[PDB]
Amino acid sequence: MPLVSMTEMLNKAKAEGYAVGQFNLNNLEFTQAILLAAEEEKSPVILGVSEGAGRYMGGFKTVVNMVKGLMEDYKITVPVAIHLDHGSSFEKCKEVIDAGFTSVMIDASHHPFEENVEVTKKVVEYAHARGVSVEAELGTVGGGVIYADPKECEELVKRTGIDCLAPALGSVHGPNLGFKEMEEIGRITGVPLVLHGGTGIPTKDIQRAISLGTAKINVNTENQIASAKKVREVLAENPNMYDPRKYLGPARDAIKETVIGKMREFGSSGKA
Amino acid sequence: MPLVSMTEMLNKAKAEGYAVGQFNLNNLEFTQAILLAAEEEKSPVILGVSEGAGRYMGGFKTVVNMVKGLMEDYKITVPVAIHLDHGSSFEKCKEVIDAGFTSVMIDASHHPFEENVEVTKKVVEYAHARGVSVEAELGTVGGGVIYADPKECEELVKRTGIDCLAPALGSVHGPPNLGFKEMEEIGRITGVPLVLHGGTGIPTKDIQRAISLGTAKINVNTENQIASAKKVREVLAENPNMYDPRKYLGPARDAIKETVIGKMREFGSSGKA
């Protein structure tokens, strides 16, 4: 029932000087872990879903249904967003919104600037009509880093009316950030900033990025690492184990503890 | 194509001489595997949910929501029931039905017979009001094996109006000597589809015999857990640096599916949707 867009949690995070974690959904245990960490920490949270993840989990309707189910069964009170991560097209954002997502990222960063503005603006028109928040990216985040231009950032936000921006400034996916650019994209843009590739990034870079307008930090890989590591440990200690709950439960608890750590480091804990 | 009760699929299976597999849900990958197997095989299926599994998956509303989602997202066309495995009380069966289950099993055998009739009949009134099928169990399935009394089975069916009966006659949970004499008698005297728990160990000859004598529902859980865990162990050994969950639970999902497909061909559910 507390399913919301990102707009308000991110605007209050920026004003108050903490960040909200986006933690990526890969399956049921992932979703459970993230929501339980959010409730335990009384922290706002963003449930990130890549196109790949949506597909692996069967579809976006299945994801929204599963989240609403857990939201009822665990009686979640904290603000919770369901956010399309790295939306590849307008059509993807529309499908995801029609499924009941509260938030979309449209990533046309690998396209020319003007062609990015066209599709990002189109997504903002569709989403804003439905109470859906919209994130956009300029520059390229590694997985291959191409820096975002602060005046390009200014123009994209003025032109589209997005609710937050993801300026690529050295961040990389999997396991050296431009605070000079980030600080004044923050000043020049006046919207909450999004930091991709959250895995690896030190508490010190995290807090400094917060200080200069980053209000959303994306974490996926850290949870995959903690979960797979716990699964390995439990299957190794118990070679006779076949009950999926007896090794995916521990993995869920590992994900939960990782996410709690991130929520405390970002300062979302106690802000719900 | 919404969800259906067990009543029609089980009566049809009994008349035609096949059985429908109940395959137990443990998480998203399990549910995905079972529904994809059913659709691939054009076979009816029953999604079993223990009390334990229901809690593990967050709650009964989450389980129904996730199943509805997959049925829309996978465009499932075959009949699909959502069935509570081993309901302990009327309260549990009511909770599960209010969540959107299409089927419940109530076992009040650990009660005097008249009080057992009370609880099962209450469950039947509540469920039949909502198009929900009711299974009942007599005797105990091992993991403590006590055969079901055939006249107890007959009187319970006659008195409650349950749609199917699960007579414990030597079945055990996990990874064979079943009372086919008593099963023939309970099937003939009750006139309802019979249910066989502990499907995992039981060999093909015992399975086909049970079907021949009116067993129309077979419960399978441990086999899928074994297939999944074996595939995960293989993948994690061969890929020491893997952390992406989709890369070991993905293959495991496929293992579960092939497992379920095997059972669907063995039970004769394949092509009967």
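Chain A is the first sequence line, chain B the second, and so forth, proteins listed ahead of strands; every chain is numbered from 1. All values below were derived from every heavy atom in this structure, side-chain atoms included, with hydrogens, water molecules and symmetry-related copies excluded.
- With hydrogens and angles disregarded, a donor-acceptor distance shorter than 3.5 Å links the side chain of A:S133 to the backbone of A:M6.
- Within a 6.0 Å sphere centred on CZ of A:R130, heavy atoms belonging to other residues, nucleotides or ligands number more than 12.
- For B:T62 against A:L70, the heavy-atom pair with the smallest separation is OG1-N, 3.1 Å.
- Side-chain atoms of A:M1 and A:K68, non-hydrogen and from C-beta on, never get closer than 4.5 Å to each other.
- Distance check, rounded to the nearest 0.5 Å: CG of B:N24 to CD1 of B:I34 gives 7.5 Å.
- The shortest distance between side-chain heavy atoms of A:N238 and A:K246 does not fall below 4.5 Å.
- With A:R159 as the fixed residue, the side-chain hydrogen bond (donor to acceptor under 3.5 Å, both in side chains) test singles out one of A:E154, A:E114, A:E118: A:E114.
- Heavy-atom contacts from other residues, nucleotides or ligands closer than 6.0 Å to NZ of B:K231 number 12 or fewer.
- Taking the charged nitrogens against the carboxylate oxygens, A:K151 and A:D149 have no contact shorter than 4.0 Å, which rules out a salt bridge.
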- request: Start with the C-alpha distance between A:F30 and A:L35, add both sets of side-chain angles, then the distance that settles side-chain contact (heavy atoms from CB on, under 4.5 Å), and finish with yes or no.
  value: CA-CA 9 Å; A:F30 270 75; A:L35 281 167; over 6 Å; no
- request: Take A:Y247 and B:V232 through the side-chain contact (heavy atoms from CB on, under 4.5 Å) test and state the conclusion after the steps.
  value: CA-CA 11 Å; A:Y247 60 90; B:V232 167; 4.2 Å; yes
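- Note: A:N11 CG to A:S5 OG = 9.0 Å, rounded to the nearest 0.5 Å.
- Atoms CZ and CG, from B:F23 and B:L47 in turn, are 10.0 Å apart once rounded to the nearest 0.5 Å.
- Atom CG in A:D85 sits 5.5 Å away from atom NE2 in A:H83 (nearest 0.5 Å).
- Ion pairing of A:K271 with A:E16 is absent here, as no side-chain N (NZ or NE/NH1/NH2) approaches a carboxylate O to less than 4.0 Å.
- Formation of a donor-acceptor pair under 3.5 Å by the A:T258 side chain with backbone atoms of A:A254 is found in this model.
- Not a single donor-acceptor pair under 3.5 Å links the side chain of A:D107 to the backbone N or O of A:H86.
- Checking side-chain atoms of A:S89 against main-chain N and O of A:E91 turns up a donor-acceptor pair under 3.5 Å.
- Looking at heavy atoms from C-beta onward, B:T200 lies out of side-chain contact with B:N221 at the 4.5 angstrom threshold.
- The number of heavy-atom neighbours closer than 6.0 Å to NZ of A:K121, taken from other residues, nucleotides and ligands shown, is 12 or below.
- B:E258 CD: 12 or fewer foreign heavy atoms inside a 6.0 Å radius.
- Scanning all heavy atoms of the two residues, the minimum distance from A:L156 to A:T160 falls at O-OG1, 2.6 Å.
- Inter-residue side-chain proximity for A:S103 and A:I46 is flagged as unmet; no heavy-atom pair is nearer than 4.5 Å.
- The aromatic rings of A:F60 and A:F101 stand perpendicular to each other, their planes meeting at an angle above 60°, with 30° marking the opposite boundary.
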task: For A:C93 and A:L84, run side-chain contact (heavy atoms from CB on, under 4.5 Å): C-alpha distance rounded to whole Å, both residues' side-chain angles, the deciding distance at 0.1 Å, then the answer.
output: CA-CA 7 Å; A:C93 297; A:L84 171 69; 4.0 Å; yes
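- Residues A:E51 and A:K92 are not paired through a salt bridge, judged by the lack of any N-O separation under 4.0 Å between the basic side chain and the carboxylate.
- Distance alone, capped at 3.5 Å, places no donor-acceptor pair between the B:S43 side chain and the B:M264 backbone.
- A salt bridge links A:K216 and A:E135; the closest N-O separation between the charged side-chain nitrogens and carboxylate oxygens is under 4.0 Å.
- Put simply, the side chain of B:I256 does not reach to within 4.5 Å of the side chain of B:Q32, judged on heavy atoms.
- With B:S228 contributing its side chain and B:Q225 its backbone, the two residues share a donor-acceptor pair below 3.5 Å.
- B:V67 places a side-chain heavy atom less than 4.5 Å from the side chain of B:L25.
- A 4.5 Å side-chain heavy-atom check between B:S50 and B:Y56 finds every atom pair outside the cut-off.
- B:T31 OG1 to A:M66 CE: the interatomic distance, rounded to the nearest 0.5 Å, is 8.5 Å.
- A distance of 11.0 Å separates OH in A:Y126 from NZ in A:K122, rounded to the nearest 0.5 Å.
- Side-chain atoms of A:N116 and A:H111 include no donor-acceptor pair closer than 3.5 Å.
- The two atoms that bring A:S88 and A:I106 nearest to each other are C-CD1, 4.4 Å, heavy atoms only.
- Counting heavy atoms of neighbouring residues, nucleotides and ligands inside a 6.0 Å radius, atom CD of A:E8 does not exceed 12 of them.
- Counting only distance, with no hydrogens or angles, the side chain of B:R265 and the backbone of B:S270 share no donor-acceptor pair below 3.5 Å.
- Smallest separation of non-hydrogen atoms from B:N65 and A:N65: ND2-O, 2.8 Å.
- Considering every non-hydrogen atom in both A:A108 and A:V119, the closest pair reads CB-CG1, 3.7 Å.
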Contacts table for residues 169-179 of chain A: side-chain donor-acceptor under 3.5 angstrom, sequence neighbours left out:
residue: A:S171; atom: OG; partner: A:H196; partner atom: O; Å: 3.1
residue: A:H173; atom: ND1; partner: A:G142; partner atom: O; Å: 3.2

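- Proximity of a side-chain donor or acceptor of B:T102 to a complementary backbone N or O of B:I82 within less than 3.5 Å is detected.
- By the salt bridge (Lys or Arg N to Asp or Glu O under 4.0 Å) test, B:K42 pairs with B:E39, sequence neighbours left out.
- Two residues are said to be in side-chain contact when any heavy atoms from C-beta on lie closer than 4.5 Å; A:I162 and A:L165 meet this criterion.
- Of all heavy-atom pairs between A:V78 and A:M71, the closest is O-CE, 4.1 Å.
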message: Could you walk me through whether B:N27 and A:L248 satisfy the side-chain contact (heavy atoms from CB on, under 4.5 Å) test, starting with their C-alpha distance in whole Å, then the side-chain angles of each, then the deciding distance to 0.1 Å, before giving a yes or no?
response: CA-CA 10 Å; B:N27 69 12; A:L248 294 185; 3.5 Å; yes
